$ cat protein27.pdb   # PDB, C-alpha atoms and all ligand atoms
ATOM      1  CA  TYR C 354     -45.712  45.957 -28.083  1.00  0.00           C
ATOM      2  CA  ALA C 355     -47.205  48.027 -25.229  1.00  0.00           C
ATOM      3  CA  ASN C 356     -45.440  48.227 -21.804  1.00  0.00           C
ATOM      4  CA  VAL C 357     -48.373  46.224 -20.329  1.00  0.00           C
ATOM      5  CA  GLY C 358     -47.624  45.221 -16.716  1.00  0.00           C
ATOM      6  CA  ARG C 359     -43.943  44.510 -15.850  1.00  0.00           C
ATOM      7  CA  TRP C 360     -43.112  43.271 -19.379  1.00  0.00           C
ATOM      8  CA  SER C 361     -40.057  44.727 -21.185  1.00  0.00           C
ATOM      9  CA  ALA C 362     -38.070  43.798 -24.322  1.00  0.00           C
ATOM     10  CA  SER C 363     -34.704  44.708 -25.906  1.00  0.00           C
ATOM     11  CA  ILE C 364     -31.811  43.732 -28.136  1.00  0.00           C
ATOM     12  CA  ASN C 365     -28.627  42.876 -26.169  1.00  0.00           C
ATOM     13  CA  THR C 366     -25.001  42.811 -27.479  1.00  0.00           C
ATOM     14  CA  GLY C 367     -25.012  39.029 -26.838  1.00  0.00           C
ATOM     15  CA  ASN C 368     -21.437  38.308 -27.978  1.00  0.00           C
ATOM     16  CA  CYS C 369     -20.800  41.102 -30.564  1.00  0.00           C
ATOM     17  CA  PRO C 370     -18.054  43.825 -30.392  1.00  0.00           C
ATOM     18  CA  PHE C 371     -20.886  46.408 -30.826  1.00  0.00           C
ATOM     19  CA  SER C 372     -24.586  46.847 -29.926  1.00  0.00           C
ATOM     20  CA  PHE C 373     -27.589  47.333 -32.143  1.00  0.00           C
ATOM     21  CA  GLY C 374     -28.442  51.049 -31.880  1.00  0.00           C
ATOM     22  CA  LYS C 375     -24.817  51.885 -30.900  1.00  0.00           C
ATOM     23  CA  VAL C 376     -23.598  51.112 -34.453  1.00  0.00           C
ATOM     24  CA  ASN C 377     -25.290  54.435 -35.379  1.00  0.00           C
ATOM     25  CA  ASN C 378     -22.226  56.105 -33.708  1.00  0.00           C
ATOM     26  CA  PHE C 379     -19.928  56.091 -36.785  1.00  0.00           C
ATOM     27  CA  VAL C 380     -18.843  52.445 -36.327  1.00  0.00           C
ATOM     28  CA  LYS C 381     -17.219  51.134 -39.545  1.00  0.00           C
ATOM     29  CA  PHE C 382     -17.127  47.831 -41.426  1.00  0.00           C
ATOM     30  CA  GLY C 383     -15.807  46.396 -44.718  1.00  0.00           C
ATOM     31  CA  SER C 384     -19.170  44.571 -45.019  1.00  0.00           C
ATOM     32  CA  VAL C 385     -22.005  43.859 -42.539  1.00  0.00           C
ATOM     33  CA  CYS C 386     -25.078  41.629 -42.781  1.00  0.00           C
ATOM     34  CA  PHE C 387     -28.039  40.793 -40.531  1.00  0.00           C
ATOM     35  CA  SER C 388     -30.478  37.859 -40.408  1.00  0.00           C
ATOM     36  CA  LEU C 389     -33.308  36.270 -38.373  1.00  0.00           C
ATOM     37  CA  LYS C 390     -31.968  32.805 -39.426  1.00  0.00           C
ATOM     38  CA  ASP C 391     -28.474  31.822 -38.239  1.00  0.00           C
ATOM     39  CA  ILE C 392     -25.438  33.009 -40.301  1.00  0.00           C
ATOM     40  CA  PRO C 393     -21.902  31.577 -40.180  1.00  0.00           C
ATOM     41  CA  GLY C 394     -19.051  33.181 -38.179  1.00  0.00           C
ATOM     42  CA  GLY C 395     -21.522  35.931 -37.058  1.00  0.00           C
ATOM     43  CA  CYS C 396     -22.275  36.831 -33.448  1.00  0.00           C
ATOM     44  CA  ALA C 397     -25.887  36.742 -32.221  1.00  0.00           C
ATOM     45  CA  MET C 398     -27.764  39.418 -30.302  1.00  0.00           C
ATOM     46  CA  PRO C 399     -30.647  37.991 -28.269  1.00  0.00           C
ATOM     47  CA  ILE C 400     -34.009  39.702 -28.671  1.00  0.00           C
ATOM     48  CA  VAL C 401     -34.983  39.288 -25.030  1.00  0.00           C
ATOM     49  CA  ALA C 402     -38.370  39.855 -23.527  1.00  0.00           C
ATOM     50  CA  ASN C 403     -38.542  39.800 -19.740  1.00  0.00           C
ATOM     51  CA  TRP C 404     -41.146  40.094 -16.988  1.00  0.00           C
ATOM     52  CA  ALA C 405     -40.264  42.078 -13.841  1.00  0.00           C
ATOM     53  CA  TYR C 406     -36.499  41.669 -14.593  1.00  0.00           C
ATOM     54  CA  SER C 407     -37.134  38.254 -12.957  1.00  0.00           C
ATOM     55  CA  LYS C 408     -38.158  35.951 -15.863  1.00  0.00           C
ATOM     56  CA  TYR C 409     -36.420  36.239 -19.264  1.00  0.00           C
ATOM     57  CA  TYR C 410     -37.203  34.770 -22.687  1.00  0.00           C
ATOM     58  CA  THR C 411     -35.231  34.947 -25.948  1.00  0.00           C
ATOM     59  CA  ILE C 412     -38.383  35.715 -27.984  1.00  0.00           C
ATOM     60  CA  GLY C 413     -35.954  35.730 -30.892  1.00  0.00           C
ATOM     61  CA  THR C 414     -32.382  36.556 -31.827  1.00  0.00           C
ATOM     62  CA  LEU C 415     -30.746  38.735 -34.449  1.00  0.00           C
ATOM     63  CA  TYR C 416     -27.729  37.175 -36.167  1.00  0.00           C
ATOM     64  CA  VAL C 417     -25.070  39.627 -37.368  1.00  0.00           C
ATOM     65  CA  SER C 418     -21.905  39.118 -39.392  1.00  0.00           C
ATOM     66  CA  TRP C 419     -19.225  41.473 -40.655  1.00  0.00           C
ATOM     67  CA  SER C 420     -15.853  42.212 -42.139  1.00  0.00           C
ATOM     68  CA  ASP C 421     -13.671  44.785 -40.429  1.00  0.00           C
ATOM     69  CA  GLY C 422     -12.283  47.585 -42.640  1.00  0.00           C
ATOM     70  CA  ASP C 423     -14.457  50.398 -44.037  1.00  0.00           C
ATOM     71  CA  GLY C 424     -16.569  51.773 -46.916  1.00  0.00           C
ATOM     72  CA  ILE C 425     -19.590  50.931 -44.687  1.00  0.00           C
ATOM     73  CA  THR C 426     -20.343  53.433 -41.862  1.00  0.00           C
ATOM     74  CA  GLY C 427     -23.243  53.361 -39.382  1.00  0.00           C
ATOM     75  CA  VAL C 428     -24.725  56.867 -38.797  1.00  0.00           C
ATOM     76  CA  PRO C 429     -27.395  58.671 -36.694  1.00  0.00           C
ATOM     77  CA  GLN C 430     -29.710  59.982 -39.486  1.00  0.00           C
ATOM     78  CA  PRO C 431     -30.201  60.228 -43.331  1.00  0.00           C
ATOM     79  CA  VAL C 432     -27.727  61.582 -45.962  1.00  0.00           C
ATOM     80  CA  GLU C 433     -27.875  62.376 -49.771  1.00  0.00           C
ATOM     81  CA  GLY C 434     -25.866  62.982 -53.015  1.00  0.00           C
ATOM     82  CA  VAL C 435     -22.128  63.628 -53.656  1.00  0.00           C
ATOM     83  CA  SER C 436     -21.695  66.673 -51.307  1.00  0.00           C
ATOM     84  CA  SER C 437     -21.044  65.790 -47.605  1.00  0.00           C
ATOM     85  CA  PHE C 438     -21.576  68.088 -44.579  1.00  0.00           C
ATOM     86  CA  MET C 439     -19.004  68.948 -41.926  1.00  0.00           C
ATOM     87  CA  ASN C 440     -20.806  69.851 -38.680  1.00  0.00           C
ATOM     88  CA  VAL C 441     -18.704  71.574 -35.980  1.00  0.00           C
ATOM     89  CA  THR C 442     -19.378  73.401 -32.687  1.00  0.00           C
ATOM     90  CA  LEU C 443     -16.498  75.812 -32.091  1.00  0.00           C
ATOM     91  CA  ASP C 444     -15.309  76.958 -28.634  1.00  0.00           C
ATOM     92  CA  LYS C 445     -17.726  74.787 -26.554  1.00  0.00           C
ATOM     93  CA  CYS C 446     -16.967  71.369 -25.074  1.00  0.00           C
ATOM     94  CA  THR C 447     -18.246  68.894 -27.665  1.00  0.00           C
ATOM     95  CA  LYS C 448     -18.427  65.160 -28.347  1.00  0.00           C
ATOM     96  CA  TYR C 449     -16.756  64.619 -31.676  1.00  0.00           C
ATOM     97  CA  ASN C 450     -16.278  62.054 -34.389  1.00  0.00           C
ATOM     98  CA  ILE C 451     -13.698  63.543 -36.739  1.00  0.00           C
ATOM     99  CA  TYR C 452     -12.327  61.517 -39.674  1.00  0.00           C
ATOM    100  CA  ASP C 453     -13.247  58.328 -37.748  1.00  0.00           C
ATOM    101  CA  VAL C 454     -11.517  59.373 -34.494  1.00  0.00           C
TER     102      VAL C 454
ATOM    103  CA  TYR E 354     -11.403  31.284 -60.265  1.00  0.00           C
ATOM    104  CA  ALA E 355      -9.227  33.658 -62.336  1.00  0.00           C
ATOM    105  CA  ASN E 356      -7.885  36.939 -60.813  1.00  0.00           C
ATOM    106  CA  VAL E 357     -10.209  38.844 -63.215  1.00  0.00           C
ATOM    107  CA  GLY E 358     -10.221  42.577 -62.384  1.00  0.00           C
ATOM    108  CA  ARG E 359      -9.792  43.522 -58.680  1.00  0.00           C
ATOM    109  CA  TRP E 360     -11.487  40.322 -57.428  1.00  0.00           C
ATOM    110  CA  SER E 361      -9.719  38.208 -54.760  1.00  0.00           C
ATOM    111  CA  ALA E 362     -10.750  35.310 -52.482  1.00  0.00           C
ATOM    112  CA  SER E 363      -9.376  33.525 -49.385  1.00  0.00           C
ATOM    113  CA  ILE E 364     -10.035  31.511 -46.255  1.00  0.00           C
ATOM    114  CA  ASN E 365      -9.639  33.570 -43.038  1.00  0.00           C
ATOM    115  CA  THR E 366      -9.065  32.254 -39.460  1.00  0.00           C
ATOM    116  CA  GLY E 367     -12.510  33.678 -38.560  1.00  0.00           C
ATOM    117  CA  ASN E 368     -12.534  32.665 -34.875  1.00  0.00           C
ATOM    118  CA  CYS E 369     -10.268  29.540 -34.848  1.00  0.00           C
ATOM    119  CA  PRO E 370      -6.969  29.097 -32.871  1.00  0.00           C
ATOM    120  CA  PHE E 371      -5.326  28.168 -36.234  1.00  0.00           C
ATOM    121  CA  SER E 372      -5.651  29.005 -39.960  1.00  0.00           C
ATOM    122  CA  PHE E 373      -6.403  26.777 -42.900  1.00  0.00           C
ATOM    123  CA  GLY E 374      -3.049  26.263 -44.657  1.00  0.00           C
ATOM    124  CA  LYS E 375      -1.147  26.994 -41.394  1.00  0.00           C
ATOM    125  CA  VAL E 376      -2.309  23.668 -39.881  1.00  0.00           C
ATOM    126  CA  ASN E 377       0.217  22.086 -42.304  1.00  0.00           C
ATOM    127  CA  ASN E 378       2.910  23.326 -39.819  1.00  0.00           C
ATOM    128  CA  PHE E 379       2.835  20.289 -37.469  1.00  0.00           C
ATOM    129  CA  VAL E 380      -0.246  21.490 -35.533  1.00  0.00           C
ATOM    130  CA  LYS E 381      -1.746  18.600 -33.508  1.00  0.00           C
ATOM    131  CA  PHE E 382      -5.237  17.455 -32.526  1.00  0.00           C
ATOM    132  CA  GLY E 383      -6.945  14.522 -30.762  1.00  0.00           C
ATOM    133  CA  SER E 384      -9.576  14.658 -33.554  1.00  0.00           C
ATOM    134  CA  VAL E 385     -10.446  17.271 -36.220  1.00  0.00           C
ATOM    135  CA  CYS E 386     -13.374  17.547 -38.633  1.00  0.00           C
ATOM    136  CA  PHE E 387     -14.440  19.963 -41.382  1.00  0.00           C
ATOM    137  CA  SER E 388     -17.800  20.735 -43.021  1.00  0.00           C
ATOM    138  CA  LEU E 389     -19.590  23.098 -45.447  1.00  0.00           C
ATOM    139  CA  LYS E 390     -22.749  22.779 -43.251  1.00  0.00           C
ATOM    140  CA  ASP E 391     -22.557  24.099 -39.672  1.00  0.00           C
ATOM    141  CA  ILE E 392     -21.102  21.792 -36.945  1.00  0.00           C
ATOM    142  CA  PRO E 393     -21.545  22.163 -33.172  1.00  0.00           C
ATOM    143  CA  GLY E 394     -18.899  23.742 -30.889  1.00  0.00           C
ATOM    144  CA  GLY E 395     -16.685  24.292 -34.007  1.00  0.00           C
ATOM    145  CA  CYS E 396     -15.274  27.642 -35.103  1.00  0.00           C
ATOM    146  CA  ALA E 397     -16.009  28.909 -38.625  1.00  0.00           C
ATOM    147  CA  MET E 398     -13.551  30.247 -41.182  1.00  0.00           C
ATOM    148  CA  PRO E 399     -15.201  32.574 -43.700  1.00  0.00           C
ATOM    149  CA  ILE E 400     -14.508  31.867 -47.363  1.00  0.00           C
ATOM    150  CA  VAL E 401     -14.389  35.526 -48.348  1.00  0.00           C
ATOM    151  CA  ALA E 402     -14.390  36.923 -51.827  1.00  0.00           C
ATOM    152  CA  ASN E 403     -13.699  40.638 -52.131  1.00  0.00           C
ATOM    153  CA  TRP E 404     -13.503  43.302 -54.833  1.00  0.00           C
ATOM    154  CA  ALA E 405     -10.753  45.948 -54.596  1.00  0.00           C
ATOM    155  CA  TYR E 406     -10.352  45.248 -50.821  1.00  0.00           C
ATOM    156  CA  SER E 407     -13.402  47.574 -50.655  1.00  0.00           C
ATOM    157  CA  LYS E 408     -16.439  45.234 -50.959  1.00  0.00           C
ATOM    158  CA  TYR E 409     -16.436  41.825 -49.214  1.00  0.00           C
ATOM    159  CA  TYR E 410     -18.731  38.799 -49.471  1.00  0.00           C
ATOM    160  CA  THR E 411     -18.745  35.547 -47.476  1.00  0.00           C
ATOM    161  CA  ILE E 412     -19.232  33.438 -50.637  1.00  0.00           C
ATOM    162  CA  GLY E 413     -19.212  30.559 -48.173  1.00  0.00           C
ATOM    163  CA  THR E 414     -17.730  29.422 -44.883  1.00  0.00           C
ATOM    164  CA  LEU E 415     -15.803  26.378 -43.734  1.00  0.00           C
ATOM    165  CA  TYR E 416     -16.879  24.987 -40.360  1.00  0.00           C
ATOM    166  CA  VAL E 417     -14.144  23.259 -38.345  1.00  0.00           C
ATOM    167  CA  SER E 418     -14.251  21.345 -35.074  1.00  0.00           C
ATOM    168  CA  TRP E 419     -11.615  19.578 -33.013  1.00  0.00           C
ATOM    169  CA  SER E 420     -10.379  17.925 -29.873  1.00  0.00           C
ATOM    170  CA  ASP E 421      -7.044  19.024 -28.466  1.00  0.00           C
ATOM    171  CA  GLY E 422      -4.508  16.254 -27.728  1.00  0.00           C
ATOM    172  CA  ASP E 423      -2.681  14.325 -30.474  1.00  0.00           C
ATOM    173  CA  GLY E 424      -2.508  11.250 -32.744  1.00  0.00           C
ATOM    174  CA  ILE E 425      -3.598  13.648 -35.549  1.00  0.00           C
ATOM    175  CA  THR E 426      -0.835  15.893 -37.010  1.00  0.00           C
ATOM    176  CA  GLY E 427      -1.116  18.373 -39.898  1.00  0.00           C
ATOM    177  CA  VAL E 428       1.949  18.225 -42.224  1.00  0.00           C
ATOM    178  CA  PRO E 429       3.424  19.937 -45.340  1.00  0.00           C
ATOM    179  CA  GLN E 430       3.504  16.964 -47.794  1.00  0.00           C
ATOM    180  CA  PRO E 431       2.816  13.160 -48.178  1.00  0.00           C
ATOM    181  CA  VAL E 432       4.171  10.269 -46.013  1.00  0.00           C
ATOM    182  CA  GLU E 433       4.095   6.381 -46.202  1.00  0.00           C
ATOM    183  CA  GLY E 434       4.498   3.055 -44.277  1.00  0.00           C
ATOM    184  CA  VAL E 435       5.914   2.241 -40.793  1.00  0.00           C
ATOM    185  CA  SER E 436       9.388   3.890 -41.222  1.00  0.00           C
ATOM    186  CA  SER E 437       9.484   7.685 -40.521  1.00  0.00           C
ATOM    187  CA  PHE E 438      12.151  10.166 -41.725  1.00  0.00           C
ATOM    188  CA  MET E 439      14.158  12.543 -39.555  1.00  0.00           C
ATOM    189  CA  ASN E 440      15.234  15.550 -41.652  1.00  0.00           C
ATOM    190  CA  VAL E 441      17.950  17.797 -40.150  1.00  0.00           C
ATOM    191  CA  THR E 442      20.192  20.641 -41.388  1.00  0.00           C
ATOM    192  CA  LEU E 443      23.316  20.675 -39.220  1.00  0.00           C
ATOM    193  CA  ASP E 444      25.415  23.797 -38.491  1.00  0.00           C
ATOM    194  CA  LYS E 445      23.188  26.321 -40.376  1.00  0.00           C
ATOM    195  CA  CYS E 446      20.453  28.476 -38.853  1.00  0.00           C
ATOM    196  CA  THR E 447      17.255  26.483 -39.376  1.00  0.00           C
ATOM    197  CA  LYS E 448      13.536  26.606 -38.598  1.00  0.00           C
ATOM    198  CA  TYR E 449      12.754  23.443 -36.714  1.00  0.00           C
ATOM    199  CA  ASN E 450       9.885  21.325 -35.507  1.00  0.00           C
ATOM    200  CA  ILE E 451      11.452  18.679 -33.286  1.00  0.00           C
ATOM    201  CA  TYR E 452       9.271  16.217 -31.340  1.00  0.00           C
ATOM    202  CA  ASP E 453       6.425  18.785 -31.517  1.00  0.00           C
ATOM    203  CA  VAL E 454       8.521  21.722 -30.231  1.00  0.00           C
TER     204      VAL E 454
HETATM  205  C1  LIG C 501     -25.374  69.635 -36.688  1.00  0.00           C
HETATM  206  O1  LIG C 501     -25.870  68.725 -35.708  1.00  0.00           O
HETATM  207  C2  LIG C 501     -26.973  69.238 -34.967  1.00  0.00           C
HETATM  208  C3  LIG C 501     -27.360  68.235 -33.886  1.00  0.00           C
HETATM  209  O2  LIG C 501     -28.763  68.335 -33.617  1.00  0.00           O
HETATM  210  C4  LIG C 501     -28.143  69.496 -35.904  1.00  0.00           C
HETATM  211  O3  LIG C 501     -29.229  70.064 -35.163  1.00  0.00           O
HETATM  212  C5  LIG C 501     -27.724  70.444 -37.016  1.00  0.00           C
HETATM  213  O4  LIG C 501     -28.778  70.559 -37.974  1.00  0.00           O
HETATM  214  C6  LIG C 501     -26.480  69.905 -37.700  1.00  0.00           C
HETATM  215  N1  LIG C 501     -26.029  70.836 -38.712  1.00  0.00           N
HETATM  216  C7  LIG C 501     -25.910  70.448 -39.977  1.00  0.00           C
HETATM  217  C8  LIG C 501     -25.283  71.443 -40.909  1.00  0.00           C
HETATM  218  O5  LIG C 501     -26.287  69.351 -40.355  1.00  0.00           O
HETATM  219  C1  LIG C 502      14.299  17.605 -46.099  1.00  0.00           C
HETATM  220  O1  LIG C 502      13.517  18.761 -46.393  1.00  0.00           O
HETATM  221  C2  LIG C 502      13.879  19.393 -47.617  1.00  0.00           C
HETATM  222  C3  LIG C 502      13.058  20.666 -47.786  1.00  0.00           C
HETATM  223  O2  LIG C 502      12.858  20.927 -49.180  1.00  0.00           O
HETATM  224  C4  LIG C 502      13.636  18.439 -48.777  1.00  0.00           C
HETATM  225  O3  LIG C 502      14.055  19.059 -49.998  1.00  0.00           O
HETATM  226  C5  LIG C 502      14.407  17.147 -48.562  1.00  0.00           C
HETATM  227  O4  LIG C 502      14.053  16.200 -49.572  1.00  0.00           O
HETATM  228  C6  LIG C 502      14.067  16.575 -47.196  1.00  0.00           C
HETATM  229  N1  LIG C 502      14.851  15.383 -46.950  1.00  0.00           N
HETATM  230  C7  LIG C 502      14.252  14.226 -46.689  1.00  0.00           C
HETATM  231  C8  LIG C 502      15.156  13.098 -46.292  1.00  0.00           C
HETATM  232  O5  LIG C 502      13.041  14.093 -46.767  1.00  0.00           O
END
$ encode --input "protein27.pdb" --output "structure tokens"
Amino acid sequence: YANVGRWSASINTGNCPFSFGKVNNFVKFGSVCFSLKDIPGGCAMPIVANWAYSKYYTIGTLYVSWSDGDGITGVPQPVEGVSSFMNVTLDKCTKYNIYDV
Amino acid sequence: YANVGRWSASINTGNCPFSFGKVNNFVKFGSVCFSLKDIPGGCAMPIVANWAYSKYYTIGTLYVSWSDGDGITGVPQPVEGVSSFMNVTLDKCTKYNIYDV
């Protein structure tokens, strides 16, 4: 969509213990699955359009379901192969995600 | 199923204030109902298969719904008729469920 007039749209957390987008920050799961048709035990994130922050419509929702644990990690950008990078900024104040801390 | 390879499966509490199996411990309801198709206001317990505790699949879910109150009790084993047993172990430390305490 275009930002025509005072229209806006977004995902919202809805009732999940994470947000769409924010799961790119090294959030971990034993298994995670998404749908545009409802899925059992899963939380739902409303795809909300609104006009002027004054009228709001759930133009759809995203249904998301997961196991806690790990083996699945959400990440900022692409990765390849067996070899894995370590990226570190020495001696400068830094925001870090080190061995899932 | 057989425990072939590292496969396992279970019910989990999901989002319920009880577990399947554990409701056999004298848990009480005004009404309770179960389904394999979704039911309104009810919590859902995921029927999870997993491999090696490392990949997990909701092979189904159990949907469960209830009223609080009583007249329905979950119990360990069968019962019959109008007459009801009292089973007590005097003078030895014991785990008890006495008049729903
Ligand atoms: C480390 O992260 C920064 C963030 O932009 C990126 O520019 C850089 O390419 C990364 N280094 C490696 C080795 O991936
Ligand atoms: C009392 O509970 C024990 C637990 O195993 C059982 O073996 C016994 O038969 C019970 N007694 C009665 C009267 O049901």
$ residues_near_ligand --input "protein27.pdb" --ligand "ligand LIG 501 (chain C)" --cutoff "8 Å" --atoms "only C-alpha atoms and all ligand atoms" --output "tab-separated table (two decimals) with C-alpha atoms, in the frame of the given file"
chain	number	residue	atom	x	y	z
C	438	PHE	CA	-21.58	68.09	-44.58
C	439	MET	CA	-19.00	68.95	-41.93
C	440	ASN	CA	-20.81	69.85	-38.68
C	441	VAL	CA	-18.70	71.57	-35.98
$ calpha_fit_and_write --input "protein27.pdb" --fixed "chain C" --moving "chain E" --output "tab-separated table (two decimals) with C-alpha atoms, keeping the file's coordinate frame"
chain	number	residue	atom	x	y	z
E	354	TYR	CA	-45.71	45.96	-28.08
E	355	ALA	CA	-47.21	48.03	-25.23
E	356	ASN	CA	-45.44	48.23	-21.80
E	357	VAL	CA	-48.37	46.22	-20.33
E	358	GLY	CA	-47.62	45.22	-16.72
E	359	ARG	CA	-43.94	44.51	-15.85
E	360	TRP	CA	-43.11	43.27	-19.38
E	361	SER	CA	-40.06	44.73	-21.19
E	362	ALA	CA	-38.07	43.80	-24.32
E	363	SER	CA	-34.70	44.71	-25.91
E	364	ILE	CA	-31.81	43.73	-28.14
E	365	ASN	CA	-28.63	42.88	-26.17
E	366	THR	CA	-25.00	42.81	-27.48
E	367	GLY	CA	-25.01	39.03	-26.84
E	368	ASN	CA	-21.44	38.31	-27.98
E	369	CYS	CA	-20.80	41.10	-30.56
E	370	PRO	CA	-18.05	43.83	-30.39
E	371	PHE	CA	-20.89	46.41	-30.83
E	372	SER	CA	-24.59	46.85	-29.93
E	373	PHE	CA	-27.59	47.33	-32.14
E	374	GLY	CA	-28.44	51.05	-31.88
E	375	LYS	CA	-24.82	51.89	-30.90
E	376	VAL	CA	-23.60	51.11	-34.45
E	377	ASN	CA	-25.29	54.43	-35.38
E	378	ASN	CA	-22.23	56.10	-33.71
E	379	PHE	CA	-19.93	56.09	-36.79
E	380	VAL	CA	-18.84	52.45	-36.33
E	381	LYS	CA	-17.22	51.13	-39.54
E	382	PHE	CA	-17.13	47.83	-41.43
E	383	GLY	CA	-15.81	46.40	-44.72
E	384	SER	CA	-19.17	44.57	-45.02
E	385	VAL	CA	-22.00	43.86	-42.54
E	386	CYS	CA	-25.08	41.63	-42.78
E	387	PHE	CA	-28.04	40.79	-40.53
E	388	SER	CA	-30.48	37.86	-40.41
E	389	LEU	CA	-33.31	36.27	-38.37
E	390	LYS	CA	-31.97	32.81	-39.43
E	391	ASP	CA	-28.47	31.82	-38.24
E	392	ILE	CA	-25.44	33.01	-40.30
E	393	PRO	CA	-21.90	31.58	-40.18
E	394	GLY	CA	-19.05	33.18	-38.18
E	395	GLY	CA	-21.52	35.93	-37.06
E	396	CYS	CA	-22.28	36.83	-33.45
E	397	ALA	CA	-25.89	36.74	-32.22
E	398	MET	CA	-27.76	39.42	-30.30
E	399	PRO	CA	-30.65	37.99	-28.27
E	400	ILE	CA	-34.01	39.70	-28.67
E	401	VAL	CA	-34.98	39.29	-25.03
E	402	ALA	CA	-38.37	39.85	-23.53
E	403	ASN	CA	-38.54	39.80	-19.74
E	404	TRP	CA	-41.15	40.09	-16.99
E	405	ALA	CA	-40.26	42.08	-13.84
E	406	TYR	CA	-36.50	41.67	-14.59
E	407	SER	CA	-37.13	38.25	-12.96
E	408	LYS	CA	-38.16	35.95	-15.86
E	409	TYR	CA	-36.42	36.24	-19.26
E	410	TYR	CA	-37.20	34.77	-22.69
E	411	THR	CA	-35.23	34.95	-25.95
E	412	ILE	CA	-38.38	35.71	-27.98
E	413	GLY	CA	-35.95	35.73	-30.89
E	414	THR	CA	-32.38	36.56	-31.83
E	415	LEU	CA	-30.75	38.74	-34.45
E	416	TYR	CA	-27.73	37.17	-36.17
E	417	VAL	CA	-25.07	39.63	-37.37
E	418	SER	CA	-21.90	39.12	-39.39
E	419	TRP	CA	-19.22	41.47	-40.65
E	420	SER	CA	-15.85	42.21	-42.14
E	421	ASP	CA	-13.67	44.79	-40.43
E	422	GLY	CA	-12.28	47.58	-42.64
E	423	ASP	CA	-14.46	50.40	-44.04
E	424	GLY	CA	-16.57	51.77	-46.92
E	425	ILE	CA	-19.59	50.93	-44.69
E	426	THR	CA	-20.34	53.43	-41.86
E	427	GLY	CA	-23.24	53.36	-39.38
E	428	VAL	CA	-24.72	56.87	-38.80
E	429	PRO	CA	-27.40	58.67	-36.69
E	430	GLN	CA	-29.71	59.98	-39.49
E	431	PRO	CA	-30.20	60.23	-43.33
E	432	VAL	CA	-27.73	61.58	-45.96
E	433	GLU	CA	-27.88	62.38	-49.77
E	434	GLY	CA	-25.87	62.98	-53.02
E	435	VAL	CA	-22.13	63.63	-53.66
E	436	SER	CA	-21.69	66.67	-51.31
E	437	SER	CA	-21.04	65.79	-47.61
E	438	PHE	CA	-21.58	68.09	-44.58
E	439	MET	CA	-19.00	68.95	-41.93
E	440	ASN	CA	-20.81	69.85	-38.68
E	441	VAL	CA	-18.70	71.57	-35.98
E	442	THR	CA	-19.38	73.40	-32.69
E	443	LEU	CA	-16.50	75.81	-32.09
E	444	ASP	CA	-15.31	76.96	-28.63
E	445	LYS	CA	-17.73	74.79	-26.55
E	446	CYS	CA	-16.97	71.37	-25.07
E	447	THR	CA	-18.25	68.89	-27.67
E	448	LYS	CA	-18.43	65.16	-28.35
E	449	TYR	CA	-16.76	64.62	-31.68
E	450	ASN	CA	-16.28	62.05	-34.39
E	451	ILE	CA	-13.70	63.54	-36.74
E	452	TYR	CA	-12.33	61.52	-39.68
E	453	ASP	CA	-13.25	58.33	-37.75
E	454	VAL	CA	-11.52	59.37	-34.49
$ interface_residues --input "protein27.pdb" --of "chain E" --to "chain C" --cutoff "10 Å" --atoms "all atoms listed in the file" --output "ChimeraX atom specification"
/E:367-368,390-391,396-399,401,403,406-411,413-416
$ atom_distance --input "protein27.pdb" --atom1 "CA of residue 434 (chain C)" --atom2 "CA of residue 373 (chain C)"
26.1 Å
$ closest_residue --input "protein27.pdb" --among "E:429, E:375, E:452, E:435" --to "ligand LIG 502 (chain C)" --atoms "all atoms listed in the file"
E:429
$ atom_distance --input "protein27.pdb" --atom1 "atom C2 of ligand LIG 502 (chain C)" --atom2 "CA of residue 444 (chain E)"
15.4 Å
$ atom_distance --input "protein27.pdb" --atom1 "CA of residue 387 (chain C)" --atom2 "CA of residue 372 (chain C)"
12.7 Å
